[PDB]
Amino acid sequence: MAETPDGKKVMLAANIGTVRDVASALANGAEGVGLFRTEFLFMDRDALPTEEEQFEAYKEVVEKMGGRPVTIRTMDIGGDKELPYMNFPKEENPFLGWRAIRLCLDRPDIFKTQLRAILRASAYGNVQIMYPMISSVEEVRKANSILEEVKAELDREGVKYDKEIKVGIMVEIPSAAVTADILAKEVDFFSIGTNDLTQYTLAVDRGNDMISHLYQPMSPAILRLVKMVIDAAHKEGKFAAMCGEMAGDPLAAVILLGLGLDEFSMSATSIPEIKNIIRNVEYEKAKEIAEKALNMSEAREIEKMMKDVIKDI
């Protein structure tokens, strides 16, 4: 398992986007699913996914992971996507628009269908709910209110769910990182989504060819937001995960270990590589390295240092 020579234990989980992916996740040592993307259930179809179709998908993954935690992220879709049954409005900047949790709060019918399926799946294993695109504690409160509604609905129908199901949020909007202490009081965990956190924090559309060079997850700015979220989570006794691609990056492994990240979630094939690094760097050394990294000025300084750290393999 991923434990430093001096005894610091971390959890390595897998990001998946379909029911099939569980096989590779376990074969590569995944202790759980830190990010189950549910977009496969909504894309390339002409009507919304029914509760039962969603339930069967969630159920199969939850059972095949054999009690390991499965963090299911609710729909993270906006008008930038091709969905004919949705009818999205015209948006000049879709990435800053009506999408994901914002759409769900305005379309409770979609949101409750997915929550009902996830909750019913939690009766068969270890399930966690994760909201995307959270900007403020007020949104989490509204989301959790509809979640309690669905619980009450299933209660009235005689349908079982895990009453202790944990609910967390993707931390991908900068306001969520800067107010992590506030959010920490309302959620059971954070998962740092560095992919979009980098895009919003630097104001850089990764899909834009002309400013690609400005997209730098390994930047002083994002690593300071990472530390912000981890510390706020720990101060409230909650655990901090990361499902962005940084968690699978060997150059970031030692920094994240040093910052006290509880859970690395990544593409399954990256798990053995990160595990090896964790097992070959003391937690006390990693803390020093993360401390140096967070006092650096430019992403290049950090890259060179970590390259030298990985070089010492």
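A residue's number is simply how far along the shown sequence it sits, counting from 1.
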{"query": "Residue range whose averaged C-alpha B-factor is higher in the record, 271-279 or 34-42", "finding": "271-279"}
{"query": "Average Cα temperature factor in the PDB entry - higher stretch of 154-162, 85-93", "finding": "85-93"}
{"query": "From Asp249, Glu51, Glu288, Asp262, residue of greatest CA B-factor", "finding": "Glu288"}
{"query": "B-factor third for the C-alpha atom of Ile211 within its chain", "finding": "highest"}
{"query": "Chain thirds of CA B-factor: placement of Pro220", "finding": "highest"}
{"query": "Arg141 CA temperature factor, ranked by third within the chain", "finding": "middle"}
{"query": "Chain third (lowest, middle, highest) by recorded CA B-factor, residue given as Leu256", "finding": "middle"}
{"query": "For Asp109, the third of its chain into which the C-alpha B factor falls", "finding": "highest"}
